[PDB]
Every structure is written in structure tokens, then in C-alpha cells.
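Student: Quick one: structure below, then a few questions.
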Amino acid sequence: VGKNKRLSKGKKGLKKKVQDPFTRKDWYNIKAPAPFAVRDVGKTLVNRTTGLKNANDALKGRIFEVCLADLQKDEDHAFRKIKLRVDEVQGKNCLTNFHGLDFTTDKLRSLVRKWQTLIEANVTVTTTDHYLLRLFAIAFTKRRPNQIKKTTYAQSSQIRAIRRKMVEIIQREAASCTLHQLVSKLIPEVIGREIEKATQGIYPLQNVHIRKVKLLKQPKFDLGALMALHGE
Amino acid sequence: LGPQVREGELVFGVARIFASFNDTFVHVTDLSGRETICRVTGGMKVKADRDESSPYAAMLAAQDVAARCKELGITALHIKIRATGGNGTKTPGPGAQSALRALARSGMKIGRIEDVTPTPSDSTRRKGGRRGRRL
Amino acid sequence: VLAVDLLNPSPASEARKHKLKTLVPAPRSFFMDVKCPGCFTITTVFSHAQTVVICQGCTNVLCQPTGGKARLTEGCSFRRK
Amino acid sequence: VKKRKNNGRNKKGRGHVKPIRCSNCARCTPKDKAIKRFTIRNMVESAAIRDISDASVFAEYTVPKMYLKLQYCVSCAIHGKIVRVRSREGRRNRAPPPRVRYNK
Amino acid sequence: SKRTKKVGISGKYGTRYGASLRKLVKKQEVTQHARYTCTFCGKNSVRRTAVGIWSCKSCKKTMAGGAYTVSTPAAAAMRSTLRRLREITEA
Amino acid sequence: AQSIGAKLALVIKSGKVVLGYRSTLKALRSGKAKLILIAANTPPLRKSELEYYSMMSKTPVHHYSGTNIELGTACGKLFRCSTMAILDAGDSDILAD
RNA sequence: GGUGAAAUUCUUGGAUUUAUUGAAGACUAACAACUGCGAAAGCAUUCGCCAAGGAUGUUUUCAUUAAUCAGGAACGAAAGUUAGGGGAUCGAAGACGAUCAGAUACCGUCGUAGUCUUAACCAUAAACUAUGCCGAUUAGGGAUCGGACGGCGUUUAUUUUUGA
Ligand SMILES: [Mg+2]
Ligand SMILES: [Mg+2]
Ligand SMILES: [Mg+2]
Ligand SMILES: [Mg+2]
Ligand SMILES: [Mg+2]
Ligand SMILES: [Mg+2]
Ligand SMILES: [Mg+2]
Ligand SMILES: [Mg+2]
Ligand SMILES: [Mg+2]
Ligand SMILES: [Mg+2]
Ligand SMILES: [Mg+2]
Ligand SMILES: [Mg+2]
Ligand SMILES: [Mg+2]
Ligand SMILES: [Mg+2]
Ligand SMILES: [Mg+2]
Ligand SMILES: [Mg+2]
Ligand SMILES: [Zn+2]
Ligand SMILES: [Zn+2]
Ligand SMILES: [Zn+2]
């Protein structure tokens, strides 16, 4: 509302002179790492480089949310969005690397339903490359076609047995791996198939998934690895 | 003035519309929160405080958002819906749909519907007391 | 119903009720002779044994205790004596 | 006099239950006593489906769903016309109401 | 043959300094004159010498502890947590 | 190692043992001991001295997991004890392990 | 910002909003039910350690060892008290903005004790199933949690027996 301001600019002020800050902006391209199919993911904006304020420093700590469906050109993985962290900005060419993964919220509420049992676990792990990262997991009980009984509930003893089997399998699989190998296992959801094959005997546990992955620490920049993954 | 690109391809942005039960905010960025393309709210456009959250006010705000972002070169938007969250209502306000429709009708492109309402895993005690608002 | 001879219930009805709810209590457990594959000896084992029973020769296990009646080794056969 | 066999709470066999907050007036009520409603709805109302469909950039698109679980105290239950007064004989009937499947 | 109703050891102060102050001093004084079992030899002869020094009358060992007690809950919890942290981290 | 508490009681009731340090040392000198027990909080010099004699005599030694107070009360006696020797087993099977 | 509607309050000394990072305390949504455990009060994030308990199974063991209790004793929500630590959020007392003829209230912005924990007191609640404890008999039905027993099949694995 126009007629509510009382102090306006405050105790004492004066109008501005120069406006329209968009005359000094620049547009940059964004790339993607090696395993993904498409590399261009959009455009980004930043102020033009000037004295006392370099542009490259402002484009080294940005994060981006990109759905995995766009990266893989496939509508099956339309419920996962991942984070990408910018590291080095080549001329008119931003280079990026992995920064995380996460499911969409709406699918998780569509999975959560009454009168069944949900199994959940998490675990921290470190790779051969000195990355400290944490994993989340999800599973649900499976209905049987000929059941007449209304409810499907599991006993806590098997619940903890499943939790132990999940933790041991995930730790064994993620014990000795690199980022390129693990992501090459993430996009086809390899981990789930071993979880289900190991656990069918105790109880079915349909909808095995890795909820999210987040990293805590990183080693030195190691530009050689970034240039190894980029520019194919 | 704008990013050079061929006519066939189109560039993406993201709009974060916050629709509570007292006011609505429309904010457009560039697929990241570092840069804000434009922002307008119901309050300046409307002439009465109560009407700031009306669907009509949200549609009017969406029209001049599309007008302001058209010359920047951006041609398509993703939307990120969020409610009050936390201890709030978690139900989007009345001016959500209005502005969303006005954005679609103005000619803009739409993709990647999403809801970003913040939900706690286990929240603190909520305002009001043991007897609630007794009116 | 309304006319039954309670003195002489049917054998199925007395083999079907709980072991203490019959006219006179009677155990529903038994002894058995097990054929050990390795040797030719004979051991008498309770059907509901609470302890692991060891055979005299070659020292092999015969059963594992459980909540009800002990479970026998897979490569074994028995007859109820 | 007893008006209801279950004391209008549905709690027999235990001593205490953790309370919850009403979604309207922020009152505290036992979880088993509050009225719980589960709702599934669309992102946009049915008239806007075409506008989203032809304004999308993915040819055919399927709008996602929205899932909420609201919970009210009894004071908020019959003021919002969620539930209504029944007769003395009709009180003892816990079958869900038959939703209309023809709509004339 | 109890000679007191509730005052206890702090009866040497007569009718001075107030009941609350006598109760507070008595509660802390009672634990300072008692005897504690030695952790090394096992005999029940360990007594306070200085403000933070306790010594055993049998094996003649002397140990530094709290003001009025051989050990403090904070120090015990810190020794236990440090032992747990070290053994998990290095083993 | 909870079983050893019950196992020792049978040896006490059936066989014959000698308690204390001087008597165990004299038995170990005699060379007719079969197993020696040592408490947790005995002085380290005493520990190594006893182990050195056991090593010379080729007899097993067991390190009890508790102090001498419960070592003493684990034998039905009302006094502390730090070390002991098994002169002979009774009907028990201590020497099996 | 918030309301049936306003104002108190914060704002180009850049409010509100957007993205990244850090710190602090409290709490464990959805799953969660005419479902579980405990003498009751009460008990919901993972894992490790310690002792305890009910039910089932049993051709193990003792042999009346038992039922209720005047006085007596242990426990006993919330609030409250005495000494330390901690103090994010709400919020008794209190200070403002509105409504009203008045409003020391209901509505809105702040806010002390308290809300958490350690060592000790207090012993009262619509502490309700408004229904004392032990023992025997009395009508039909279908659900459901734990243990044991019988059976036709399906699923599945270094696969049988087990688990569903
Ligand atoms: Mg408003
Ligand atoms: Mg009213
Ligand atoms: Mg009960
Ligand atoms: Mg109660
Ligand atoms: Mg700002
Ligand atoms: Mg939980
Ligand atoms: Mg349960
Ligand atoms: Mg009495
Ligand atoms: Mg209390
Ligand atoms: Mg204090
Ligand atoms: Mg108030
Ligand atoms: Mg406040
Ligand atoms: Mg308190
Ligand atoms: Mg009373
Ligand atoms: Mg009673
Ligand atoms: Mg069976
Ligand atoms: Zn044999
Ligand atoms: Zn309410
Ligand atoms: Zn000593």
C-alpha cells in the first residue's frame, strides 16, 4: 500500500541516482560430469569482473538443483533431484562436480501408507578417495496376493535383523569405491537388488531405496581429477 | 543484453512463490538463489491491507512478473511451491493457484512441479497454550 | 446338546481337547528309537528333550532343543516306541 | 449417565497416551480422541489441468498429488461441519458412510 | 541412647549460625571424616590429609582427589568417556 | 567367564587347596602344583615374580578378572586373598581348559 | 507481522524474502491401530553393556509351603521448595495496541519464574472402568496379540527343514 509508509527511508535520507543494475551482468554456461549423458543444464548469471572484485571468486561456491531425469534423458527417474557444486570456472565454461542426491517429497508421501511396516537406516562411510559421506535407506513390507488378513506387521526381532543385514551389505558395497563407480551404480539402482536378494528369506521388504546421500568432508582440490572427469 | 542462444532452444529459470494465509510473495531467480531476477508483492499493487493476499492480487503480481522477466531473455520457468511450514498451517494460501494460472496464461512455459513446504521431524511445542485461541 | 452321555465321550473328542481338559489327564509325549547313519547303536531320546543328547559312538549330535519338541538332524530317521 | 461405551476416546487397556495439537485452534487433545482426516488432492484445480498441459514443455504431463493429514478437536469438529449430531440409536454405528458413486 | 534427634554431627556448634547453615555444613562434613576402601591394597584405611590429598594407612600410597571426596562424578565421567573415545578411535 | 565362580566352589568342597602367598610359593617350590590363580590388584612385582616361578615350573596360571575382595569371597571365606594354588582337583574338571 | 477490522513492532543505517555455512537447547511427525508392556503413576530415533519380567512347552524338583489384612512400610502425574549446570521455543506476574458505556479478560506484539538436567523434600488429582481382592457355575458368534500342535498348496534362496 502506498499510503502506509511513515518514516520511509528512515531518520533522514535522499533518493538514488543510478538504477537498472542489469547493465553489468554476464551469462555463463554450465556443464556436467562424465557419467551423465547431457552436459548442458542451463545458464547462470553473475556480475562482470572488475577491479578489486574478480568474477571467478563469486562462481566457486554455488550449488545447483538438477533433476536426474533431465541428465539421463529418461522419465523413469523423474522423482530424484541432485545437487551439484561448482569448483572451477573455465572461460565462458563453468565446470561442476557432484554435491548430493535426494528423492522428491511427494513420492515419499505416496509410498508412506497405513497398516504396514517401514524399515529405515543410515550409515557413514569413506571411500578410497578421501570422501566422508553418509547414506540413507528405505524399505517397506510386501503384501502377499492370497492374504485374507487385513494387516501386515513384522516382529521387532526380524526388524533389527533386517537393519543389521542392510547395514552390513551397504558397508561392504561402499567400502572400496570411487565416485564415478558409485554413481554408475546409483543411476541403475544396483544396491537395491542386492539388498532384496539378501533379505527375501527373512521377510520380503519391497521398495528398497537409498533415500539420500550427503558428504561431510573433502580433501585438497586436486584439479587433475576434475579435468579427468570433465572435457570428454 | 541477453544470453546469445539459437532460436530453437529455450533457457530455464525458477520461481519461488510463497503463499501464506495473510499475504503472497512471488520471487524469480536463475536456477539458484544467488541472483534475483525480480520480486513484487501484493502490497504495493493493492490499495487495502486485507486484499493483499487475494487471488486477484496474486494474478496481477504474476502479470507484471512475466512482463518484467520477458525482456531479460528467460522464456521458461520451474515452480517451487512452499507453505508456511514449521508449526504453521502447511496448506498453501488462496493466492497460489491464481498466480500460477496467470503465469501459464501469459504465455510462459512450465516444468517440474514441486512442493517445498518445510516439515519437521519432531518439532517444539506450538504457540497458543493448552486451551487454544478461544474465539 | 441338551442330551449327551458325558461318561463315554468320543475318542476324537478326547484326542482333540487340551491335555488337561479331558475326563482324566494323559500325557501327549512319547519316546522314540533313532537310526543313526554312522554306527549301529541305539539311544532312547525324549520327544521334548531340553538338552542336546550325544550318542555313545562317534560323538554326533541328534537333536536341537526348541520351544516344543526337539528337532532332529536332517540325515536321521526315527520310530515311535 | 454414560452417553458412550468408549467414553468418546477409544482408550481401554492403557493408562496414558501422548497428546497432539489441533490443526485449527492449537489445542491439546489425546491422539486417539482427536478426529483424523486424510486428504489427497491435485496441485491445481480441475479447470486448470488443460492450461498446465498446454503450457508444459514435456508433451503429455501428469500432475503430482498432494497428501495431508489434518486432525481436529471435537470443538472444531462440528463447527466446520466435518461431523454432525446423530440420533440416540444412530450414535452406535461406526461404519464409514457410503460415498455416492453415481452422482445422479 | 541416641543423644540427638536430627542435628547429628553438627551439634558442636550449639545454637549459632542458623539451622540452614548448620544443615548445609553437616551434609558435607559427614562425608569428609568417614573411611574409604583403598583401591590398590583393598584394606579399609584411607583418610584425608590435606584439602585434596587422601592416603592409605596400610600401603602408604597417597592420591590426589576432590576436596571432600576421593572422586568427583565429573572426573569419573570424563575418565570413562576418554577411555571409550580412545579405544574406539585407535582400535 | 562367569562359570569359573561355580567351578571353583566344587573344587573347594571336594578337593584340597592352599590359600595365601607363602603357602602357594612353597607348593610351587615343591613342584606339585597344577594351576595358580592371581588377583587383579596384586602388586606388579608380585605378578611377575609369580609368573616367573610358574614359567620355570611349567604350570598354568590364570588371571582372575576381579579384585582380591571378591576373590576371597568367591571361596566361602570371610577375608581377602590375592593368590592361590590348586594342589589337586577333586571331582571337578578345572584342568580341562 | 497479525486480525471480524485496525494499531503497538521491524524497515533504502536495506525490512520481509532467496541460496550457502556455523552455534545452542528442547523434541522424536508420517508409520501409529477399538494394537503392545508395567502394581499404578507411566513407557516410541539407532546401537552397546547390566540386572529384571509375562506367556507357552515339559513322563524335571519340594510337598500345603496358601487368600484377604487394623496399626506399619515401598512407589506415587502435574504444579511447588532447597542448592549447582543449562536457558532454543512458549509462557503465570508485568508493560503496551484494540473492542466495549466500562474490559485489571477473550484478540495481537514483548516478557520474569517455570518448561531441561544432577543431589535432596512434598504425597495430593474426574490418581475414572466414578464398578475392592481370591474361588466355582451360567449363551451364540466372529475378529485379534504371544507360545505350542496338524495339514493341502504358493513363493523363494549354496535353495531342502527353516522364513512369508
Ligand atoms: Mg495481509
Ligand atoms: Mg465458541
Ligand atoms: Mg494391563
Ligand atoms: Mg490417568
Ligand atoms: Mg536481504
Ligand atoms: Mg520416528
Ligand atoms: Mg507394536
Ligand atoms: Mg490401612
Ligand atoms: Mg513432578
Ligand atoms: Mg536453578
Ligand atoms: Mg495474551
Ligand atoms: Mg512472546
Ligand atoms: Mg519442576
Ligand atoms: Mg482424595
Ligand atoms: Mg481402584
Ligand atoms: Mg506348522
Ligand atoms: Zn554314531
Ligand atoms: Zn480445535
Ligand atoms: Zn592401600
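Residue numbering restarts at 1 for every chain of the C-alpha cells, chains are lettered A, B, ... in their displayed order, and ligands are numbered from 1 as they appear.
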Report as JSON lines: every residue of chain D with an atom at most 9 Å from chain B, its closest pair of atoms, and their distance in Å to one decimal, counting only C-alpha atoms, with rows sorted by chain and ascending residue number.
Tutor:
```
{"residue": "D:21", "atom": "CA", "partner": "B:126", "partner_atom": "CA", "distance": 7.7}
{"residue": "D:22", "atom": "CA", "partner": "B:132", "partner_atom": "CA", "distance": 8.5}
{"residue": "D:23", "atom": "CA", "partner": "B:89", "partner_atom": "CA", "distance": 7.3}
{"residue": "D:24", "atom": "CA", "partner": "B:89", "partner_atom": "CA", "distance": 8.4}
{"residue": "D:25", "atom": "CA", "partner": "B:132", "partner_atom": "CA", "distance": 5.1}
{"residue": "D:26", "atom": "CA", "partner": "B:132", "partner_atom": "CA", "distance": 5.0}
{"residue": "D:27", "atom": "CA", "partner": "B:132", "partner_atom": "CA", "distance": 4.6}
{"residue": "D:28", "atom": "CA", "partner": "B:130", "partner_atom": "CA", "distance": 5.8}
{"residue": "D:43", "atom": "CA", "partner": "B:113", "partner_atom": "CA", "distance": 8.3}
{"residue": "D:44", "atom": "CA", "partner": "B:97", "partner_atom": "CA", "distance": 6.5}
{"residue": "D:45", "atom": "CA", "partner": "B:97", "partner_atom": "CA", "distance": 7.9}
{"residue": "D:48", "atom": "CA", "partner": "B:101", "partner_atom": "CA", "distance": 7.0}
{"residue": "D:51", "atom": "CA", "partner": "B:104", "partner_atom": "CA", "distance": 6.6}
{"residue": "D:52", "atom": "CA", "partner": "B:104", "partner_atom": "CA", "distance": 6.7}
{"residue": "D:53", "atom": "CA", "partner": "B:110", "partner_atom": "CA", "distance": 9.0}
{"residue": "D:54", "atom": "CA", "partner": "B:109", "partner_atom": "CA", "distance": 8.8}
{"residue": "D:55", "atom": "CA", "partner": "B:109", "partner_atom": "CA", "distance": 5.2}
{"residue": "D:56", "atom": "CA", "partner": "B:110", "partner_atom": "CA", "distance": 4.7}
{"residue": "D:57", "atom": "CA", "partner": "B:111", "partner_atom": "CA", "distance": 6.3}
{"residue": "D:58", "atom": "CA", "partner": "B:111", "partner_atom": "CA", "distance": 7.5}
{"residue": "D:63", "atom": "CA", "partner": "B:113", "partner_atom": "CA", "distance": 7.5}
{"residue": "D:64", "atom": "CA", "partner": "B:113", "partner_atom": "CA", "distance": 7.4}
{"residue": "D:66", "atom": "CA", "partner": "B:115", "partner_atom": "CA", "distance": 8.6}
{"residue": "D:68", "atom": "CA", "partner": "B:91", "partner_atom": "CA", "distance": 8.5}
```
Student: Pick out the residues no farther than 9 Å from ligand 3, counting only C-alpha atoms (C1' of nucleotides) and all ligand atoms, and list them as a PDB file with C-alpha atoms (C1' of nucleotides), in the first residue's frame.
Tutor:
```pdb
ATOM      1  CA  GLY D  13      -6.163 -51.265  28.280  1.00  0.00           C
ATOM      2  CA  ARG D  14      -3.648 -48.477  28.982  1.00  0.00           C
ATOM      3  CA  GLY D  15      -3.183 -45.533  31.308  1.00  0.00           C
TER       4      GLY D  15
ATOM      5  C1'   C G  37       4.296 -53.780  28.188  1.00  0.00           C
ATOM      6  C1'   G G  38       4.045 -52.302  33.533  1.00  0.00           C
TER       7        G G  38
END
```
Student: Point out the residue among G:16, G:105, G:118, G:55 with the least atom-to-atom distance to chain E, counting only C-alpha atoms (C1' of nucleotides).
Tutor: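 Distance minimum relative to chain E lands on G:118.
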Student: Compute the set of chain D residues within 9 Å of chain G, using only C-alpha atoms (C1' of nucleotides), and express it as a ChimeraX atom specification.
Tutor: /D:6,10-12,15-16,69
Student: Residues within 8 Å of residue 85 (chain F), please, as an mmCIF file with C-alpha atoms, in the first residue's frame. Count only C-alpha atoms (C1' of nucleotides); anything in the same chain fewer than 2 positions from it doesn't count.
Tutor:
```cif
data_model
loop_
_atom_site.group_PDB
_atom_site.id
_atom_site.type_symbol
_atom_site.label_atom_id
_atom_site.label_comp_id
_atom_site.auth_asym_id
_atom_site.auth_seq_id
_atom_site.Cartn_x
_atom_site.Cartn_y
_atom_site.Cartn_z
ATOM 1 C CA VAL F 17 43.706 -76.299 48.140
ATOM 2 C CA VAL F 18 46.052 -73.913 49.946
ATOM 3 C CA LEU F 19 45.402 -70.181 50.286
ATOM 4 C CA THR F 24 51.395 -71.205 47.291
ATOM 5 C CA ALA F 27 53.880 -75.575 46.979
ATOM 6 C CA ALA F 33 51.066 -77.597 41.814
ATOM 7 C CA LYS F 34 48.882 -77.794 38.708
ATOM 8 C CA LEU F 35 47.238 -74.360 38.360
ATOM 9 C CA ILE F 36 47.721 -70.978 40.025
ATOM 10 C CA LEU F 37 45.284 -68.055 40.271
ATOM 11 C CA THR F 83 46.756 -65.570 45.015
ATOM 12 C CA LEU F 87 47.209 -78.721 44.912
#
```
